[PDB]
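My questions will all concern the structure given below.
Order as written gives the chain letters A, B, C, D, E, F, G, H, I, J, K, L, M and N; numbering starts at 1 within each chain.
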Amino acid sequence: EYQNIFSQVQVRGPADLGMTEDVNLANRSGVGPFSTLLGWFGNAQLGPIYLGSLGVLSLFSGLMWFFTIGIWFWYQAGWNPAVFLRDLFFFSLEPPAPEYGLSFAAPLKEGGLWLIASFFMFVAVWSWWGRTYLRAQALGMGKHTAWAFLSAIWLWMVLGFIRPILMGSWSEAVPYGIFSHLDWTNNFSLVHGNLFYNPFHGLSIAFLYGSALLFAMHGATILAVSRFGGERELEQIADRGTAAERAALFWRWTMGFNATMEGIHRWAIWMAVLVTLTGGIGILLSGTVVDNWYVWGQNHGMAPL
Amino acid sequence: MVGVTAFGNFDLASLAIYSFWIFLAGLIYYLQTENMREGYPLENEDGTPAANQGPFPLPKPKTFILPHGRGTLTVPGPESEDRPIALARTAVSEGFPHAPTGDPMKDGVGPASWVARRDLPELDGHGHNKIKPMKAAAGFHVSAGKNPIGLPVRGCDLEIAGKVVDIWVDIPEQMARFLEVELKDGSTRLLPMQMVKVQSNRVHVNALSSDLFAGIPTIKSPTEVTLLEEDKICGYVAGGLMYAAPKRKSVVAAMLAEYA
Amino acid sequence: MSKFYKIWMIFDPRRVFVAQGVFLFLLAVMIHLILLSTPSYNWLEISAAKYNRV
Amino acid sequence: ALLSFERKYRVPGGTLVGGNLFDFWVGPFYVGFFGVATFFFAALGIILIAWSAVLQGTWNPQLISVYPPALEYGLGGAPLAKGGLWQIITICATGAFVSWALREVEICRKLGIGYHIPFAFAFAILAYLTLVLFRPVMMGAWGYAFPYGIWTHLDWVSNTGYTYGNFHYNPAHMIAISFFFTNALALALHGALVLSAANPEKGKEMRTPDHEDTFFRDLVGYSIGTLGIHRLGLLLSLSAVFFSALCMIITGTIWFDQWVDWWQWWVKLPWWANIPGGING
Amino acid sequence: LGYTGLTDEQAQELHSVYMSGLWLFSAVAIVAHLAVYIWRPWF
Amino acid sequence: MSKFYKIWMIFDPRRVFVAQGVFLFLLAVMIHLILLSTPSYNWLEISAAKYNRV
Amino acid sequence: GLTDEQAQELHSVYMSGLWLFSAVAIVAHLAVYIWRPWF
Amino acid sequence: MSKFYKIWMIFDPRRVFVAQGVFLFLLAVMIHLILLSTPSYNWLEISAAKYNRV
Amino acid sequence: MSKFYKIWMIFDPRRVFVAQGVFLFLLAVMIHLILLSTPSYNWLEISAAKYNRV
Amino acid sequence: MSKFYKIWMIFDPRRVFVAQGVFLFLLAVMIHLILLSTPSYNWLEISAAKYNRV
Amino acid sequence: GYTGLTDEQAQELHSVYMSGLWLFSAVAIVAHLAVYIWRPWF
Amino acid sequence: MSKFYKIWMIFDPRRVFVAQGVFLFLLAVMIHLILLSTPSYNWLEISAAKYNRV
Amino acid sequence: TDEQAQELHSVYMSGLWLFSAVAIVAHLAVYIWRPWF
Amino acid sequence: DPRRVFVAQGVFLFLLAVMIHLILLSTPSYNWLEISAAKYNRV
């Protein structure tokens, strides 16, 4: 039977330029091509994309961050394209050594370039957050996306900015590079005893598994009641149809309680936000307040001895 | 601040974890209370309010201001069925199935149920109807995949019920919603896209058998469909899954029936 | 050089001025950080060593 | 004990096994044959966990731990005090999970909705069975499964990871992690978007899906739609679980050394294996 | 002309003011570079 | 320098003033932190040494 | 949308504020330089 | 300085006042924590030292 | 100081009072815990020393 | 070389000019960094050696 | 006319653009001459 | 070779020209970096050794 | 159309030959400076 | 269709040519730069 995973027929017509209120259509670019490959799964139309002041600022800063790391990777390769391809994943833009602490007196080849790239990334991410808030405000919507992004930004800042300040060294931050930051996380674990015994690390993992569980449940429910037009969730909130009722009754008869067509989204946004929220708190505590999480667990009834 | 304890082993980490437990309990309370906006208060199996209403109280009322002057909605509030239900309780005690009295597919009970929604067409952001037949939709055409128009429609009993005359499309999303099927009698019904398996030769509908294709509800205007008609048609077709099982000509279902 | 004004018949001044401001601030920060990186021209450390601060 | 609209949906039929023997509700729950089975298995498993706590001697919930049989028992049975309780609890847990999925199937049939939800649950069941049944059987002992303790299966995770050095250098693991992170991002974005559309700025009308698509085309230049985003969430979650199961099925079974050595194949490709400079060479 | 709507006179006036600002900025930059070069030459 | 007022015929004062406030606070914080980083001009540590607080 | 007179008045007030801010900054820099010169 | 009142023709007082309150509390907490970090001006540890408690 | 009442023309008293209560309790708990952390002013340990409870 | 103007009948000047500006700045930064990498032409270190800034 | 410019507009735009290009190239050439005199790379 | 113009009846000039520009710049950068990698043809080091810069 | 394609390709090949001429003179100068054969 | 096949053909031809050139450069022989440097006494 048809399981609604992929569309079995595509139709296309005039491109939808979008709504127009309190929005400067000059900044909105032109509508891009129609992609049939994506049309199989979701909407085939690409664009138009709003390019405002903050959009330009974010694009410039992100381009400079990416290009700075790229140039350092080239220098680290001897400017050899073959080596650049052979060691693309193994390159690193390490932070300044612990000798300099938090000082900006690191040489450009051993710490200065990292500070420049970090400044570019900081500007890019904050400008993008401002862009998200302003885009929501232009259409008159709520700012929920801004606050979820704010949670993600909080974890990012704690990892890169606030925790090095509290520890007193730039060497505590994360090096730019694939295997470099994987090794950074592994060493962060090994230094502070098992990060597993960090209670807030456990809560963060709980909410990540919960995010996966809840999105699987919600996607399966909506695909199962899409034969009643349940995917039009805003309409269901406005005028409760039989799709919402069937979904609610399935979950009520399964586990004794249910959500509504709107509140399940409150559950979703909170189960996603708490991941980064609790992760930021746990990382902030590590090193600053606890130096050995296994011994802390032993003293707090978590570990056997 | 590393290693300093206010009392016992309690320190900054323990303070954080306990404050988080308090916050988590509060948040679960708030989320469940928000989830209690539709379907409450609880009813008995006859219609009177129940003795047990839940540990979580009902929330404060909130109002949604619907677009295009459709009005306002207040939830939670006084909610009523606004239709008659054709069911009879099988047993006196609570918690037992209610058997249908007449034809479940026409009475609109069970999996073939429907909700008395608004009898108005669905409107997009601009004020036009969100779903339009493709021939009346300017510029729309099949882009990829097997075109269903002109293919015979086959029922679950392997008998041809009609031919596809048109496709209804969602104008903003640019995705097909309904097929329009013309029967032997010349009248045209609708079938949701999610219920048809567009094959090489034919459009296959495993929900309904051919004889039941005439029983699908119809629409008032040929150039639009309202939410209520959508609900009736979708409920009918979906309830065909359970209430057309005997007529369904399935090999494995036949083997299971012979087994039982 | 006289006809350069016609560039404003090509570009909206708002976008151009925003981009110019962002670019100028970014470039100034980049150059200042580059100077701060080198042991020389690191004016902070040069003056620290000149007045015998450490 | 009924919702305001629940009455018209409580009808007979839609049950795979048992006719109308267990076709009744207990409170809000729907019992069914598989509901009876699920309740039995769950109750037995929980009581056996409590009894294993009695045998262990501790009443602290976080210290309770039900270890599997040691490696010297192979794939055979073990005494109840030193391995048997784990196996009985594992059989109970597997039965409870499978019965829960089948009960969900019955409820889907009675409501006339599609079978996506028990199918999605089957992926989590298969990942659990990989960790508890497929991998230990493949590897040769029940002592490679994890203990049933709150903080002691983290010890299993840590020891199993560090047997192979940094476990981050596992490709079927990198893909699964990226899928989990993308899933969390998508969930946050979707929840926030629908909430902002349904709860707009104070005093304004409810927004429409057109506004959602406009917002996400303004932001990043592509909107996947509503059906698209629900499809994508289901696919991302299922793919994350699938690749995690793969990563743990090939670990210790067809790969035995440190996992960075696997990544050494790309470096040793013939046309850059010998060039000097760079990190590797 | 039609790309943003400015006429020739508006463009000329805007360019005159913009170039005045540019030359002021350049003059300040030049005096700063002279001061730095005197303090610590880089050639 | 006289005609600079015409910039307000280009930019809405609300957006410009918000951006200016954010930028000024950000720059001030950046410079203060840079001064705090160096062992000299770290006024906290300088004054701790000055009066022999340790 | 602003007219010439509005722009002139706004610029006058804004420049007055800018010069006040700059004066405070200059006295602060003088105080710091006297306390601990960086040249 | 007289015409500064016109800022209220630009900004709604509600948003400005909320932002001001949040910013002031945040800044005060930041400065107090910075003082608490240094061994000097850590008034808690200074007073313990002064009155011969430990 | 006389016109401060006009703040209630800006803020709904319900939200302001709820926020005020939460903030005051949070601040009081924070300060009490800070005092309990230091070996001095840890009134529990100060008094146990005073009356030789150990 | 005379008919090259017809390229503007192919490309919108706005996109071409934006791409050109980005490309030119990127190339200039790349070349300056390449020069700074080598021990020679690292004008900072060449001058620091010339005037004995070490 | 994918962009809508006529021949005269294209010619004028190209003339101004080439003037700017030659100014930029002249500045680059004098910079390279100065560098080569200061420190030749050949 | 005469009929090659018909390629423009196959490809839109805009996409082809954008791809051509990107490809040419990429190839030029690749070849220059390859030359810079080898100890010979590393014109920077060939000159530095010739004029005794190290 | 055919005429438009002819004219576009004429201009394109003229530009291509200009670019290749500059490339050839560059290669010749380099080969004089430092051969690779 | 000519479009997709031509784009794919161009990309694949360029990648294959780069692959073969890098294979030639990687080997101690056929590295024309290195053998040229050795031949004319460059190092």
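Here is the rule we go by: a residue touches a chain if its C-beta (ideal position, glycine included) is under 8 Å from a C-beta of that chain, and two chains touch if they have at least 3 such contacts.
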Copy-to-copy rotation for subunit I and subunit J - C-alpha atoms, rounded to a multiple of 5°: 85
Dominant chain pairing [most C-beta pairs in contact]: A-D
Chain centre separation in whole Å, for subunit M relative to subunit K (CA means): 19
Computed distance of Cα centres, subunit M from subunit H, in Å: 67
Rounded Å distance between subunit H and subunit K, as computed from the means of their C-alpha atoms: 54
Chain centre separation in whole Å, for subunit J relative to subunit B (CA means): 61
Per-residue overlap in subunit B, given as positions that touch at least 2 other chains: 1, 38-39, 64, 66, 113, 115, 125, 172-173, 175, 238
Where subunit H touches two or more other chains at once, by residue number: none
Touching two or more other chains - residue numbers and ranges from subunit G: 38-39
All chain pairs that touch each other: A-B, A-C, A-D, A-F, A-J, A-L, A-N, B-D, B-I, C-E, C-F, C-G, C-J, C-K, D-N, E-F, E-J, F-G, F-H, G-H, H-I, J-K, J-L, J-M, K-L, L-M, L-N, M-N
Sites on subunit G touched by subunit H in the complex: 9, 13, 16-17, 20
Subunit A-touching residues of subunit B, taken from the complex the two chains share: 1-3, 9, 11-14, 16-17, 20, 27, 31-32, 34-35, 37-39, 64, 66, 70, 73, 113-115, 117-118, 122, 125, 134, 137-148, 167, 169, 171-177, 192-198, 206, 227, 230-231, 234-235, 237-238
Subunit F residues touching subunit H - in the complex, by the definition given at the top: 13-14, 17, 44-45, 47-48, 53-54
Partner subunit A, residues of subunit C touching it in the complex: 12, 15, 18-19, 22-23, 26, 29-30, 33-34, 36-39, 42, 44-45
Interface residues, subunit N side, partner subunit A - complex: 22, 25-26
